[PDB]
Amino acid sequence: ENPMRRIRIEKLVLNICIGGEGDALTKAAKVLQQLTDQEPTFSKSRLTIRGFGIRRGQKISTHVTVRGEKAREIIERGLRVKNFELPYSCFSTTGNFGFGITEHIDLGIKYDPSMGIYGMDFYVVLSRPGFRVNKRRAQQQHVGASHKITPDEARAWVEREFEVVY
Amino acid sequence: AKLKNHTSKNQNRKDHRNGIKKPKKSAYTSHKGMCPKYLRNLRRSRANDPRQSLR
Amino acid sequence: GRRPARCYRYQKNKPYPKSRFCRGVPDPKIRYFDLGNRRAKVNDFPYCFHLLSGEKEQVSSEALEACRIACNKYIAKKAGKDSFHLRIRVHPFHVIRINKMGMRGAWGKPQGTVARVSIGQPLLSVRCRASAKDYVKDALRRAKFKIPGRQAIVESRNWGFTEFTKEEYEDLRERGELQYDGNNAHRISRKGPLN
Amino acid sequence: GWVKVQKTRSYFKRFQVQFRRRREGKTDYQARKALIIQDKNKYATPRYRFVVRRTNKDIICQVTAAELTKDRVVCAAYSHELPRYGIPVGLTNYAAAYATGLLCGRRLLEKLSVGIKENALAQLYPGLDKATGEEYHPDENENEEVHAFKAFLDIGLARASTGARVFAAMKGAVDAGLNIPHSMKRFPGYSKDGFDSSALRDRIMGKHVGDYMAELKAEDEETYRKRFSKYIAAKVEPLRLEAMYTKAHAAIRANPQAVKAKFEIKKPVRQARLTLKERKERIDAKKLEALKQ
Amino acid sequence: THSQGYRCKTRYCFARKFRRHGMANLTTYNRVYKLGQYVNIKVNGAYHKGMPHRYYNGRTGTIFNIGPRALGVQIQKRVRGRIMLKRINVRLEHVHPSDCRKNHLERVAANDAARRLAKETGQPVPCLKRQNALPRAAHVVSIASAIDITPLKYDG
RNA sequence: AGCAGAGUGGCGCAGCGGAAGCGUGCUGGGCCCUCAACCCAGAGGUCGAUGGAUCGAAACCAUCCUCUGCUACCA
RNA sequence: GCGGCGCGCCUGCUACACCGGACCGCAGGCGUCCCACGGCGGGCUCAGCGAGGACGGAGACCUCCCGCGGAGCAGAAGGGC
RNA sequence: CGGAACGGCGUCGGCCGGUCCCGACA
RNA sequence: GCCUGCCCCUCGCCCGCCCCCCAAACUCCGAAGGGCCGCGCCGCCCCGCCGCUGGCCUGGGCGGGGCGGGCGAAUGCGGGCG
RNA sequence: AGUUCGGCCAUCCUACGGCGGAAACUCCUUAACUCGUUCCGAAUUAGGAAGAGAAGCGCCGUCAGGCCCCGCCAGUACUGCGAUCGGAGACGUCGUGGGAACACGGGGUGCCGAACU
């Protein structure tokens, strides 16, 4: 029951893979910025594929990493769009989980013709105090199996914090 | 037309006929390729006191 | 027509396999090496007979195919396909070359494939039950005529294809120190995680 | 669903463990080779590096020369000793860094000149008596007969940043009288045009800590108590911050000599490794439990 | 050979060992070197500057020059019937100290130590010359339990 | 010997990393006073087999079978 | 002769564990490309498993996790990292 | 008695078993 | 089984354990066999010299003087140079 | 005991399950500054001290994997040197010297200095 065993959201990543249009990607950046109050980053394409209509190095996506209150405030709005219903399978082996919503209108953004509907995938990463051991530059060592979040431990904390039904 | 391209037979015998000659003794002590600075210091050091042949 | 074969009887060249360097090798004639009831348990098929090789020679895939067909039919006709499991131990990995017809640019293009063998190397081995035990020696003698040089058929002390001799296998099976793995079996191996 | 194991016996057989201190994450070998290398024409004359290391609650400053099988520490100073010199709290702050750097330099320069008693180190290179945050080089200003002890900064896995605590400790050592090569770019007050002495002095003499302490007192008193509970306990005021450091820099200069601090060695409970028969006893019994089922 | 570039036939020579890839242990730079010292040259593949040729691998030599970042070594190459001293400049990584004279150096000191006692306690001096094994000696050995051994019958 | 191309509906001949395609035969349906044309449907394929190669191959690649064109240095 | 170019050079092999070894021997390259694909400092981790997350599948993006290099480093090949 | 795979109740010498005074339908 | 149902069986596909036979241009291992080098001059104290080296009184070279010493594998054989 | 800098760089590694912290180390705790982020106080930089053994860490376990050592493998496989040795050859012997490897069986599972508390 150590306070250091408490599970907290590490962060929320909201990615919008529009494709090779370019025009839509800037508009998605604007939608992301209004939700998070921080500049989004653009992700280049690794290879080129005609089926996706993308050439290598074309900016093809937009993402933001939000931590703190802004993280769970945004996550709650996304969960409301799915009526607090989660797939159960959505929990990863490492204890993270994701939503994925179609449309930006539901998150409370106001529809405008300049930015058309842009769905995004919400990924929530679940941490605990002491996971810095794997991310520090000096003396980086892997977290212990005990302190790593089991998939079951993730489901239990999200059911307490968000009342979700699987 | 075609003749032998290469042979090594007898070449070792020819080498050992009077050979396996060691490489001088001056070569083992020569100052070729030595550090230009160390050699300057040696000259200055041996140019003072009994070693000095400066007159 | 595949040449006389006295041309490629001895291992006179360093092993030349099919590789990135050796391309266009004609496919080996023998593709079926496990024949008979190749799925029978280790406790079935107790006796073994081995055709050994008395020479360090190269046998051709054509020869290896001709022998397996001859040996399989005799023991299947005399007894049953179910009675025995015949393994052609040698596989054709060397790729023989032919210089088509002077000595300029003589490097030959692949003509086929041969199996490099040695002295005492089993070439054909049969695991058999009692119904076919007598017939196996005759069947491997039929195969001896398709193989170049002198070969010998001998009965094997080792149970089936395992390394346990029939005496070791019987004792271990009685004390439950033998774990079955299918065609073959191994010792109980007391090591590793206890769980 | 049926995965292939990444760590097979092959991966464990072909694996080459890195150097113990690189596996630990404590040592950057590429950086240390450069500091360690001396021309072979200079033979075994000792080369010295100034290691400055910041823990969560400490600033460890050491001058070490690398022998063949070990590293010999010529002189060490730790911020833990600053209370003796009059710095009660803020022992991991920029001001503490400078103090530990001055202590390291003064402790070493005295330790070099202990019995010479003629023209040696501490008398020859007294350093900046007043801790102004001005560029000072003990070397270059004057180096004849006796020369300034020369050391090179080892920052370890710490990032080199403007106003970094590792740079401040080096400034303290230079101010003690140690030749540490520096350019002042990564120092508060560097402008492409030229250094502003006051900006370095302000961080060296507290300032930003004191300003924050007074800002919290001015507005959030509850936060003020939480942020600076030890400072309030030690009765360290925000205006008085510069003065305590000024007295401490005199205290470190006057008596830099190390005084051994006593402690007691207590081992923890420490469990015992079992004997082979003890291991065999457990194994045979564990198998018997499986037999009993 | 139809191609003879600087690093030909060096596939297994200049390759690193099984688990010994990576940077050099810092002792290679730290080890002190003196003029006239015996040095064994073993090329390390990772470091590419100052690399001795594959011929110089495996050759003991003496340090003619101790210079910044580099040791000059005199090794004797037998070209035809003449052995020639070749002076090579090798960087620290591809040179190592040699124990060639260590047995002589050990013997010189041991010979003096016995001699020092011969000057003082126990004045007679033991022979201080290496003897090449010598032809055994006499001795009585108890046959007592001697196992009678017979050639064993052929199995196969 | 060795060299190139192909092998796909019954006949042809395309395709060529995501179907099998068009003509003919081949019936049917139109079309007219009837017939010829013509139009439009319907159907037709181990794509010569095999192995590889792929999420997937008629295709691409190896092996092989078959055809079909090219072939021997005066002294 | 025709046809090739071991006619200058390079990698692995032939080559028989120092070095040296022959062939119109084997499997291949070179005659260029880059003011950045260079120098240097900092930071970083690669290819991927596996599990997740609107469209989204074989396939693009985003996460953790474990990752001795299984990636990359202009082009042959072998080392090297 | 250049020479092979293969044959030989030619003749001496082995190796490993069975039937053997329980004398090898009575 | 039945509107259907993946409500389900059977091999392939993945994963593990085995197992037959391999490599001039594969190697974790690794011979025989070769290669290079050493096998006489030490140790001790003191003293000089250097644009060299360095926090230094540090070295590192190059010499000199004392103080004790001692020729320290086998075999054969005088070597070198123009 | 524990830290900082080291030496050789797995007997030191990896997985999992335990145990223990007085101090130390760490996690931790906040951005007024200083610096920082293809976005992000994640890292990093500054400033702390409300917490904590939960991890990292230090010990201990496991018929664990790997790694280390020693047997055995095996005088085997190969091979140096002699053979008017055998064999049609292929290859093999015999004198005379060297001598592996894979498995397999057992046992292990970091140590060394400088400073400091």
# chains A, B, ... in the order shown; residues from 1 in each chain; ligands from 1
>>> residues_around(residues="stretch 26-32 of chain G", least_positions_apart="3", cutoff="10 Å", atoms="only C-alpha atoms (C1' of nucleotides)", output="count of residues only")
15
>>> select_by_dssp(residues="chain E", states="helix (DSSP H, G or I)", output="ChimeraX atom specification")
/E:27-30,54-56,92-94,102-119
>>> write_last_selection(atoms="C-alpha atoms", output="CSV table (one decimal), in the first residue's frame")
chain,number,residue,atom,x,y,z
E,27,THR,CA,44.9,0.6,-19.8
E,28,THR,CA,46.0,0.5,-23.4
E,29,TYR,CA,46.4,4.3,-23.4
E,30,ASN,CA,47.5,4.4,-19.7
E,54,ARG,CA,48.9,-7.8,-41.6
E,55,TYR,CA,52.6,-8.7,-41.9
E,56,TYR,CA,53.4,-6.7,-38.7
E,92,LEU,CA,48.6,2.7,-28.9
E,93,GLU,CA,45.7,0.3,-29.6
E,94,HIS,CA,47.6,-2.0,-32.0
E,102,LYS,CA,60.8,-11.5,-18.6
E,103,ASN,CA,62.2,-15.0,-18.1
E,104,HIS,CA,65.8,-13.5,-18.5
E,105,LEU,CA,64.9,-10.6,-16.3
E,106,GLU,CA,63.5,-13.1,-13.7
E,107,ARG,CA,66.6,-15.3,-14.0
E,108,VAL,CA,69.1,-12.4,-13.6
E,109,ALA,CA,67.5,-11.4,-10.3
E,110,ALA,CA,67.2,-15.0,-9.0
E,111,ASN,CA,70.8,-15.7,-9.9
E,112,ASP,CA,71.9,-12.6,-8.0
E,113,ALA,CA,69.7,-13.6,-5.0
E,114,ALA,CA,71.5,-17.0,-4.7
E,115,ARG,CA,74.8,-15.3,-5.3
E,116,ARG,CA,74.0,-12.7,-2.5
E,117,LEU,CA,73.6,-15.6,-0.1
E,118,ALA,CA,76.8,-17.3,-1.4
E,119,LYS,CA,78.6,-14.1,-0.4
>>> closest_atom_pairs(of="chain E", to="chain G", cutoff="6 Å", atoms="only C-alpha atoms (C1' of nucleotides)", output="CSV")
residue,atom,partner,partner_atom,distance
E:11,CA,G:79,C1',5.9
E:15,CA,G:79,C1',6.0
E:46,CA,G:80,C1',5.2
>>> write_last_selection(atoms="C-alpha atoms", output="mmCIF file, in the first residue's frame")
data_model
loop_
_atom_site.group_PDB
_atom_site.id
_atom_site.type_symbol
_atom_site.label_atom_id
_atom_site.label_comp_id
_atom_site.auth_asym_id
_atom_site.auth_seq_id
_atom_site.Cartn_x
_atom_site.Cartn_y
_atom_site.Cartn_z
ATOM 1 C CA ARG E 11 39.128 -11.360 -42.750
ATOM 2 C CA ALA E 15 38.405 -9.332 -36.915
ATOM 3 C CA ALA E 46 38.164 -1.329 -34.488
#
>>> residues_around(residues="residue D:93", least_positions_apart="3", cutoff="10 Å", atoms="only C-alpha atoms (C1' of nucleotides)", output="ChimeraX atom specification")
/D:54,57-59,79,89-90,96-99,165,168,203-204,206,209 /J:46-48
>>> interface_residues(of="chain D", to="chain C", cutoff="9 Å", atoms="only C-alpha atoms", output="list in words")
residues 283, 286 and 287 of chain D
>>> closest_atom_pairs(of="chain H", to="chain C", cutoff="12 Å", atoms="only C-alpha atoms (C1' of nucleotides)", output="tab-separated table")
residue	atom	partner	partner_atom	distance
H:4	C1'	C:149	CA	9.2
H:5	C1'	C:149	CA	6.7
H:6	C1'	C:145	CA	9.2
>>> write_last_selection(atoms="N, CA and C atoms (P, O5', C5', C4', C3', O3' and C1' of nucleotides)", output="PDB file, in the first residue's frame")
ATOM      1  P     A H   4      40.714 -56.509 -59.402  1.00  0.00           P
ATOM      2  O5'   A H   4      39.261 -55.868 -59.464  1.00  0.00           O
ATOM      3  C5'   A H   4      39.042 -54.598 -58.846  1.00  0.00           C
ATOM      4  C4'   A H   4      37.852 -53.891 -59.437  1.00  0.00           C
ATOM      5  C3'   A H   4      36.510 -54.571 -59.230  1.00  0.00           C
ATOM      6  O3'   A H   4      36.014 -54.274 -57.939  1.00  0.00           O
ATOM      7  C1'   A H   4      36.684 -53.858 -61.464  1.00  0.00           C
ATOM      8  P     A H   5      35.598 -55.458 -56.975  1.00  0.00           P
ATOM      9  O5'   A H   5      34.037 -55.216 -56.781  1.00  0.00           O
ATOM     10  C5'   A H   5      33.510 -53.879 -56.773  1.00  0.00           C
ATOM     11  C4'   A H   5      32.236 -53.810 -57.575  1.00  0.00           C
ATOM     12  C3'   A H   5      31.262 -54.959 -57.358  1.00  0.00           C
ATOM     13  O3'   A H   5      30.478 -54.704 -56.208  1.00  0.00           O
ATOM     14  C1'   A H   5      31.511 -54.580 -59.669  1.00  0.00           C
ATOM     15  P     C H   6      30.037 -55.906 -55.277  1.00  0.00           P
ATOM     16  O5'   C H   6      28.998 -56.688 -56.190  1.00  0.00           O
ATOM     17  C5'   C H   6      28.842 -58.099 -56.045  1.00  0.00           C
ATOM     18  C4'   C H   6      28.726 -58.753 -57.396  1.00  0.00           C
ATOM     19  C3'   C H   6      28.898 -60.257 -57.377  1.00  0.00           C
ATOM     20  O3'   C H   6      27.692 -60.897 -56.994  1.00  0.00           O
ATOM     21  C1'   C H   6      30.238 -59.353 -59.093  1.00  0.00           C
TER      22        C H   6
END
>>> closest_residue(among="E:72, E:97, E:22, E:135", to="chain J", atoms="only C-alpha atoms (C1' of nucleotides)")
E:22
>>> residues_around(residues="residue F:9", least_positions_apart="4", cutoff="10 Å", atoms="only C-alpha atoms (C1' of nucleotides)", output="ChimeraX atom specification")
/F:43-45
>>> interface_residues(of="chain E", to="chain D", cutoff="6 Å", atoms="only C-alpha atoms", output="NGL selection string")
:E and (19 or 66-69)
>>> residues_around(residues="residue E:75", least_positions_apart="3", cutoff="10 Å", atoms="only C-alpha atoms (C1' of nucleotides)", output="list in words")
residues 28 of chain B; 39, 40, 41, 56, 59, 60, 61, 62, 63, 64, 72, 78, 83, 84, 85, 86, 87 and 88 of chain E; 36 and 37 of chain I
